[PDB]
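Here we start with a single chain on its own, the form solved without this ligand, put down as structure tokens.
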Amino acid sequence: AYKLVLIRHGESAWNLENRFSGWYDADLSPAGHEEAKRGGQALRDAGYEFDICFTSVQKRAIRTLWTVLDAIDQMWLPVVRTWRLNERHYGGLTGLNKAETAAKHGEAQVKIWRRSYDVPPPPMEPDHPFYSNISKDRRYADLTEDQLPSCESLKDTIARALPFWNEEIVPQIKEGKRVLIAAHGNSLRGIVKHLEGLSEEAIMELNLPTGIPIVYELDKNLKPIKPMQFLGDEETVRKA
């Protein structure tokens, strides 16, 4: 009976989604913006109403949310932003393309990081071009030194996302509030993994499509009663 909608932001500027964008605050590209607008139009056409929204503190997820709320005429909804729904922090790899990461760290290590669930990438160090940009960003000024990551394994990302799910989102759902979450590939994995009880390998194989509303139907104990559903026109929905 409970309905929960997830949406993963689309394409970010400068191909950063293929360059471990991570905690760098890339904006949506105009194509990414268009993708969100189509996602929002699909929600409008399907008559979806929400009562509250959760997003990260990254502008690409926020803009995705804004674009959806505008399209569905629900700009008045309460919105809660949290760093705990941020993309995975990719450490020293942040901003590098594939050739560059291989050239830097070798195929051996890259392959290890690709498949690992709890081996973190190299920490982002003071020589990294995004070091002060991210580490000194005012939006993280309330994180303890311990909480502010220099890098994250997928397991770390999920571990700091889950508490927010549990303490902030779950209660809303239990009150029958219709939740919309606009976040990132890796933070949304955390939620799916908890919802379905997937294995570490299962979750690493899940590639959530972008720009597409992902619908969950949950029973009174917030266990899904069926597989996730994708909303959208035939061409978009097909690619999955």
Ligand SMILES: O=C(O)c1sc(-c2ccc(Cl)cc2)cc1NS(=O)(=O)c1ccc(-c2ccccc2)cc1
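Heads up: residue numbers just count along the shown sequence, starting at 1. Take the two forms, superpose them, and find the largest set of C-alpha atoms that agree within 1.5 Å; that set is the rigid core.
Below: the form deposited with this ligand bound, not depicted.
Participant: Run the clash test for me: this ligand superposed onto this form using the site C-alphas, pose taken in the entry with it bound, blocked if at least 3 ligand atoms lie within 2.4 angstroms of backbone or C-beta, else open.
Facilitator: Blocked: when this ligand is placed as it sits in the entry with it bound, 3 or more of its atoms come within 2.4 Å of backbone or C-beta atoms.
Participant: Where, among 158 to 166, 111 to 119, 69 to 77, 128 to 136, do residues come within 4.5 Å of this ligand in the entry with it bound by heavy atom distance?
Facilitator: Residues of 111 to 119 come within 4.5 Å of the partner.
Participant: Test of understanding: in the entry with it bound, would residue 221 fall inside 4.5 Å of this ligand by heavy atoms?
Facilitator: Although this ligand is absent here, residue 221 would stay clear of it in the entry with it bound, with no heavy atoms inside 4.5 Å.
Participant: So, residue 24 and this ligand: in the entry with it bound, are they within 4.5 Å at any heavy atom pair?
Facilitator: No, residue 24 sits far enough from this ligand in the entry with it bound that none of its heavy atoms falls within 4.5 Å.
Participant: Please run the contact check for residue 216 against this ligand in the entry with it bound: heavy atoms, 4.5 angstroms, yes or no?
Facilitator: Close contact is absent here: in the entry with it bound, residue 216 is far from this ligand, nothing within 4.5 Å, heavy atoms only.
Participant: Only counting heavy atoms and a 4.5 Å limit, does any residue of 74 to 98 reach this ligand in the entry with it bound, and if so which ones?
Facilitator: Heavy-atom contacts within 4.5 Å come from 88, 90, 93, 98.
Participant: Superposing on the rigid core, is the CA of residue 16 displaced by 2 Å or more between the shown form and the other one?
Facilitator: It does, since the residue 16 C-alpha is displaced 2 Å or more between the shown form and the other one after the core fit.
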